[PDB]
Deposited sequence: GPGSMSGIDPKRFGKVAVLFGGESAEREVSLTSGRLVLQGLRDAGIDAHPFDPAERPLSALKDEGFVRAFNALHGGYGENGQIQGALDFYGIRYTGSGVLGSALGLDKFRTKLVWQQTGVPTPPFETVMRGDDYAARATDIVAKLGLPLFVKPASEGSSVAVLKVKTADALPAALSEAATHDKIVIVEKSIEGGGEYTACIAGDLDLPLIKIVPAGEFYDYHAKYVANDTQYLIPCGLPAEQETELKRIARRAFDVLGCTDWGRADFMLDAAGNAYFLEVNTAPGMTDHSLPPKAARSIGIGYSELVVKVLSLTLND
């Protein structure tokens, strides 16, 4: 509680990625929220300030409010570790593995975390021949996702152009069975806060998620397992589908979620009476 325990804090935000503008907003609010708590927090945009200034100006820890690019892929995590600066959320492995959808799914398959069945296609494959085999094996519809803009494919005839197009963006393309007839949900994770699931509606976000309490409790538990087996910690989201029968299938994790005053973790927290400042203090307190 004593804000002095946090010492001098950098709020990392902005950056060089396509999500710079969202990160500017996140970081401004995180900054406000930490200062509201009396914490000695300062803005630090690594696209503008030398990263060596963190150590040189006596910064001891950072709230990472970057999104995309080096803020989320293990790169700035590795650099912060190298410089001795503590930081929020996941470390190098968890950040890098969380962004690799292919290897995230292999680890889930080996650890009992359910995930939709999928095939891979390599750049330079006979995409038409692969498409035929994959429809025979998985059925339709399918999502075609780069391994590290997702396309939904509803007919067999549309699949080869989708593979070819995805292969332009990644040497490896994931072709994943779509889970139909249920719903889409996300579990926000912030320490051991009991944040409610959020249902994602075909763009709109719904709390309560519409599920019975016992099912919600189990799904939050499995979602935390899905996150922790990839080496992620403390802060993020796990996205998943249910089918019509209520079986869960995990899609991906997010290790750098938004902190705009309407992004999902603040919404989930506000719904249980935890305000924005309290949420950011809680997340930062995990670095103590």
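Counting the deposited sequence from 1, the stretches lacking C-alpha coordinates are 1-7, 156-160, 215-229, 316-317.
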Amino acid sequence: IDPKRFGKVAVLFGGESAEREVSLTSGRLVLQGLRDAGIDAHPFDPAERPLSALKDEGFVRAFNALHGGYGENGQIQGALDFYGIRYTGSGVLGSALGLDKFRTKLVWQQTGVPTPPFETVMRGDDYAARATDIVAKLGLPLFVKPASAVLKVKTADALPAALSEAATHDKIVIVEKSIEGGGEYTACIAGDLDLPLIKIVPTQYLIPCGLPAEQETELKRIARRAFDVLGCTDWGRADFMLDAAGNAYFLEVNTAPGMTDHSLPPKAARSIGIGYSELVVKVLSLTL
From here on, numbers count along this sequence of modelled residues.
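Stretches 170-178 and 96-104 differ in mean C-alpha B factor, with the higher average recorded for 170-178.
Here the stretch with the larger average CA B-factor, out of 223-231 and 24-32, is 24-32. Note on the listed residues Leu211, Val150, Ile76, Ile189: the highest Cα temperature factor in the record is that of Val150.
Among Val280, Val11, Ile272, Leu264, the highest C-alpha B-factor in the deposited entry belongs to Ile272. Annotation for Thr88: C-alpha temperature factor in the lowest third relative to the rest of the modelled chain, per the entry. Ranked by C-alpha B-factor against the other modelled residues of its chain, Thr260 falls in the middle third. Annotation for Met241: CA B-factor lies in the lowest third of the chain's modelled residues. Annotation for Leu286: CA B-factor lies in the middle third of the chain's modelled residues. Ranked against the other modelled residues of its chain, the C-alpha B-factor of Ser164 as given in the entry falls in the highest third.
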